[PDB]
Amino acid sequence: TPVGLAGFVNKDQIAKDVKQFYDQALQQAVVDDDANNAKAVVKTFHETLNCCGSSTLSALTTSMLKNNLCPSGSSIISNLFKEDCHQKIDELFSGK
């Protein structure tokens, strides 16, 4: 493959894909079982990006709060008013 013809991953596509993965894990984490690693995945996203939930799936944050799946330490209102995980994922790929 000529160097000039190399493919690459663009910021908009991968941000979109990562948000979809997060949304799927959030949904799976609210319907309860442990065959799914979903609760561990959502907790890890929340702790790593310092967020809890998605503004596209706002009602689901009520289950995150009752299962203690938001970042440890954080208060209830601060999971409500801080930026959501989609915004944090955008900032990761944009370098902000």
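We number the residues from 1 along the sequence you see.
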| query | finding |
| --- | --- |
| Mean Cα B-factor comparison, 87-95 or 1-9, giving the higher one as deposited | 1-9 |
| Per the entry, higher mean C-alpha B factor between 13-21 and 73-81 | 73-81 |
| Residue with highest C-alpha B-factor in the PDB entry, from 35, 29, 59, 51 | 35 |
| Residue 44 by Cα B-factor - lowest, middle or highest third of the modelled chain | lowest |
